[PDB]
Amino acid sequence: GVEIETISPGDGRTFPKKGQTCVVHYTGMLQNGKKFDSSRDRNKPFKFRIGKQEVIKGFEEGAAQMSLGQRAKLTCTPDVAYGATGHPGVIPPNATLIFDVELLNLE
């Protein structure tokens, strides 16, 4: 149940595919909560590829439904990332996650 809320500008055609390593200025946000993660702090904009199940399921589905330069807004359901378990100390069980995601990539 990933729902994409794209802020318009970009190109709308460079969609990510398999075997493509991409670069994202993400930002973690907790619904009814504060931030927990930001690529903008360390300023190393998180090079990662698509399909090797590295990232969570909600961020993986939202990455393929964006394009180059676009700025979407994720709303991650609990069942796709951690809502059964919860990452200990950082993510409580049954949490709904918010992400500001911009795709400024290669490949």
# chains A, B, ... in the order shown; residues from 1 in each chain; ligands from 1
>>> closest_atom_pairs(of="region 75-96 of chain A", to="region 17-34 of chain A", cutoff="9 Å", atoms="only C-alpha atoms", output="CSV")
residue,atom,partner,partner_atom,distance
A:75,CA,A:31,CA,8.7
A:91,CA,A:30,CA,8.9
A:95,CA,A:31,CA,7.9
A:96,CA,A:31,CA,6.0
>>> residues_around(residues="residue 67 (chain A)", least_positions_apart="6", cutoff="12 Å", atoms="only C-alpha atoms", output="PDB file with C-alpha atoms, in the first residue's frame")
ATOM      1  CA  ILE A   4       3.260   8.261  -4.003  1.00  0.00           C
ATOM      2  CA  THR A   6       5.272  13.525  -6.073  1.00  0.00           C
ATOM      3  CA  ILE A   7       6.186  17.183  -6.017  1.00  0.00           C
ATOM      4  CA  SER A   8       6.152  17.798  -9.763  1.00  0.00           C
ATOM      5  CA  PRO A   9       9.546  18.887 -11.204  1.00  0.00           C
ATOM      6  CA  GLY A  10      11.914  16.381 -12.769  1.00  0.00           C
ATOM      7  CA  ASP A  11      11.547  14.679 -16.139  1.00  0.00           C
ATOM      8  CA  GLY A  12       8.893  12.024 -15.588  1.00  0.00           C
ATOM      9  CA  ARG A  13      10.611   9.516 -17.874  1.00  0.00           C
ATOM     10  CA  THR A  14      13.890   8.230 -16.344  1.00  0.00           C
ATOM     11  CA  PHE A  15      12.372   5.384 -14.427  1.00  0.00           C
ATOM     12  CA  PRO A  16      14.658   3.117 -12.375  1.00  0.00           C
ATOM     13  CA  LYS A  17      15.068  -0.468 -13.559  1.00  0.00           C
ATOM     14  CA  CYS A  22      20.708   5.068  -7.924  1.00  0.00           C
ATOM     15  CA  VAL A  23      21.325   8.030  -5.631  1.00  0.00           C
ATOM     16  CA  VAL A  24      18.680   9.424  -3.263  1.00  0.00           C
ATOM     17  CA  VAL A 101      12.531  11.051  -1.305  1.00  0.00           C
ATOM     18  CA  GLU A 102      14.291  12.793  -4.191  1.00  0.00           C
ATOM     19  CA  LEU A 103      15.873  10.832  -7.044  1.00  0.00           C
ATOM     20  CA  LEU A 104      19.041  12.547  -8.304  1.00  0.00           C
ATOM     21  CA  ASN A 105      20.806   9.492  -9.646  1.00  0.00           C
ATOM     22  CA  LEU A 106      22.825   7.841 -12.375  1.00  0.00           C
ATOM     23  CA  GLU A 107      21.964   4.729 -14.451  1.00  0.00           C
TER      24      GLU A 107
END
>>> closest_residue(among="A:89, A:42, A:55, A:99", to="residue 76 (chain A)", atoms="only C-alpha atoms")
A:99
>>> select_by_dssp(residues="chain A", states="helix (DSSP H, G or I)", output="list in words")
residues 39, 40, 41, 42, 57, 58, 59, 60, 61, 62, 63, 64, 78, 79, 80 and 81 of chain A
>>> write_last_selection(atoms="N, CA and C atoms", output="CSV table (one decimal), in the first residue's frame")
chain,number,residue,atom,x,y,z
A,39,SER,N,20.0,11.4,5.0
A,39,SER,CA,21.2,11.5,4.2
A,39,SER,C,21.8,12.8,4.1
A,40,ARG,N,21.0,13.9,4.4
A,40,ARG,CA,21.5,15.3,4.3
A,40,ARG,C,22.5,15.6,5.4
A,41,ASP,N,22.4,14.9,6.5
A,41,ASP,CA,23.3,15.1,7.6
A,41,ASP,C,24.8,14.8,7.2
A,42,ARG,N,25.0,13.5,6.9
A,42,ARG,CA,26.3,13.0,6.5
A,42,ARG,C,26.7,13.5,5.1
A,57,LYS,N,10.7,-2.8,1.8
A,57,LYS,CA,9.7,-3.0,0.7
A,57,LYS,C,9.0,-1.8,0.3
A,58,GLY,N,8.7,-0.9,1.3
A,58,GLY,CA,8.0,0.3,1.0
A,58,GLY,C,8.8,1.3,0.2
A,59,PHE,N,10.1,1.4,0.6
A,59,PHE,CA,11.0,2.3,-0.2
A,59,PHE,C,11.4,1.7,-1.5
A,60,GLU,N,11.4,0.4,-1.6
A,60,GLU,CA,11.7,-0.3,-2.9
A,60,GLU,C,10.6,-0.1,-3.9
A,61,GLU,N,9.3,-0.1,-3.5
A,61,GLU,CA,8.2,0.1,-4.4
A,61,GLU,C,8.1,1.6,-4.8
A,62,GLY,N,8.4,2.5,-3.8
A,62,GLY,CA,8.4,3.9,-4.1
A,62,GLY,C,9.5,4.4,-5.0
A,63,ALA,N,10.6,3.7,-5.0
A,63,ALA,CA,11.8,4.1,-5.8
A,63,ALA,C,11.5,3.9,-7.3
A,64,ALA,N,10.9,2.7,-7.6
A,64,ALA,CA,10.6,2.4,-9.0
A,64,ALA,C,9.5,3.3,-9.6
A,78,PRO,N,3.1,-0.4,7.9
A,78,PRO,CA,3.9,-1.2,8.9
A,78,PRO,C,4.3,-2.6,8.4
A,79,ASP,N,3.4,-3.2,7.7
A,79,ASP,CA,3.7,-4.6,7.3
A,79,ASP,C,4.8,-4.8,6.3
A,80,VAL,N,5.2,-3.8,5.6
A,80,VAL,CA,6.2,-3.9,4.6
A,80,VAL,C,7.7,-3.7,5.1
A,81,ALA,N,7.8,-2.9,6.2
A,81,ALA,CA,9.2,-2.6,6.7
A,81,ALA,C,9.5,-3.2,8.1
>>> select_by_dssp(residues="chain A", states="strand (DSSP E)", output="ChimeraX atom specification")
/A:21-23,27-30,35-38,47-49,71-76,97-102
>>> write_last_selection(atoms="C-alpha atoms", output="PDB file, in the first residue's frame")
ATOM      1  CA  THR A  21      22.449   1.891  -9.034  1.00  0.00           C
ATOM      2  CA  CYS A  22      20.708   5.068  -7.924  1.00  0.00           C
ATOM      3  CA  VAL A  23      21.325   8.030  -5.631  1.00  0.00           C
ATOM      4  CA  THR A  27      14.965  11.777   4.920  1.00  0.00           C
ATOM      5  CA  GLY A  28      13.386   9.626   7.620  1.00  0.00           C
ATOM      6  CA  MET A  29      10.295  10.893   9.426  1.00  0.00           C
ATOM      7  CA  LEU A  30       8.065   9.202  11.987  1.00  0.00           C
ATOM      8  CA  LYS A  35      13.006  12.439  12.422  1.00  0.00           C
ATOM      9  CA  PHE A  36      15.164   9.352  12.731  1.00  0.00           C
ATOM     10  CA  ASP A  37      17.363   9.323   9.610  1.00  0.00           C
ATOM     11  CA  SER A  38      18.727  11.768   7.040  1.00  0.00           C
ATOM     12  CA  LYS A  47      24.283   5.092  -3.447  1.00  0.00           C
ATOM     13  CA  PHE A  48      22.249   1.890  -3.801  1.00  0.00           C
ATOM     14  CA  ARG A  49      20.905  -0.408  -6.505  1.00  0.00           C
ATOM     15  CA  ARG A  71      10.528  14.622  -5.248  1.00  0.00           C
ATOM     16  CA  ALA A  72       7.968  12.223  -3.806  1.00  0.00           C
ATOM     17  CA  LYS A  73       6.672  11.675  -0.273  1.00  0.00           C
ATOM     18  CA  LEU A  74       6.432   8.129   1.050  1.00  0.00           C
ATOM     19  CA  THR A  75       3.945   6.747   3.570  1.00  0.00           C
ATOM     20  CA  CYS A  76       5.305   3.319   4.472  1.00  0.00           C
ATOM     21  CA  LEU A  97       6.851   5.747   8.337  1.00  0.00           C
ATOM     22  CA  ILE A  98       7.193   8.988   6.369  1.00  0.00           C
ATOM     23  CA  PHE A  99       9.946   9.726   3.853  1.00  0.00           C
ATOM     24  CA  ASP A 100      10.827  12.699   1.672  1.00  0.00           C
ATOM     25  CA  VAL A 101      12.531  11.051  -1.305  1.00  0.00           C
ATOM     26  CA  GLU A 102      14.291  12.793  -4.191  1.00  0.00           C
TER      27      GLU A 102
END
>>> atom_distance(atom1="CA of residue 85 (chain A)", atom2="CA of residue 43 (chain A)")
29.3 Å
